[PDB]
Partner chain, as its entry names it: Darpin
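To begin, one chain is listed below as structure tokens, in the form solved without the partner chain.
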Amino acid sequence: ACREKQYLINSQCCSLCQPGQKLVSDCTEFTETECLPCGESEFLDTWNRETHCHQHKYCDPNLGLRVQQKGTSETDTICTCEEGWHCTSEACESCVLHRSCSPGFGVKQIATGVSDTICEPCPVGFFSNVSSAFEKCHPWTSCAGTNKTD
């Protein structure tokens, strides 16, 4: 019954608040809609009549998140995984600490941060002594060896 970027109150076609800004009070026949900015850690990404700004995403260090792009009054924080942490989904929503590779297995491919340590059976003639996310299968040196001992 009205235009885009407007809403209908009391048969009055009121303006919505622009992105960046939240509704403080509705228009009247004599007053425009009253909008104020969102605080530093909040945002509002649409033409709105929302009274509480969305909180920016917290990039929690305790879930392997760190800030990538910082929030604005119009846009959310974007997070990403810290070094040492990879995405649990191809839609990186939370981060798992890079897995390591137990003895008798070596390292095919080191963790990306959008992918986990890829891990390979140490073939006959090769061993891994310990568990790390880095060290690979090594040969037995010349003086028995096992998948895990020289």
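Each form is matched to the other, and the largest set of C-alpha atoms that superpose within 1.5 Å is called the rigid core. Numbering follows the first chain given and starts at 1.
One more form of this protein should be noted, the form solved in complex with the partner chain, which is absent from this view; the next part is about it.
- Although the partner is absent from this view, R3 contacts the partner chain in the bound PDB entry, with a non-hydrogen atom inside 4.5 angstroms.
- Proximity of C27 to the partner chain in the bound PDB entry: non-hydrogen atoms within 4.5 Å are present.
- Shown alone here, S102 lies farther than 4.5 Å from the partner chain in the bound PDB entry, counting heavy atoms only.
- In the bound PDB entry, the partner chain lies farther than 4.5 Å from every heavy atom of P121.
- Three-residue candidate spot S15, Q18 and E32; every residue lies within 4.5 angstroms of the partner chain in the bound PDB entry by at least one non-hydrogen atom.
- Taking the rigid core as fixed, one finds a CA shift for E83 smaller than 2 Å between this form and the one not shown.
- Annotation: Cα of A133 displaced by less than 2 Å between this form and the one not shown, core superposition.
- With a cut-off of 2 Å and the rigid core superposed, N10 has a Cα displacement that reaches or exceeds the cut-off between this form and the one not shown.
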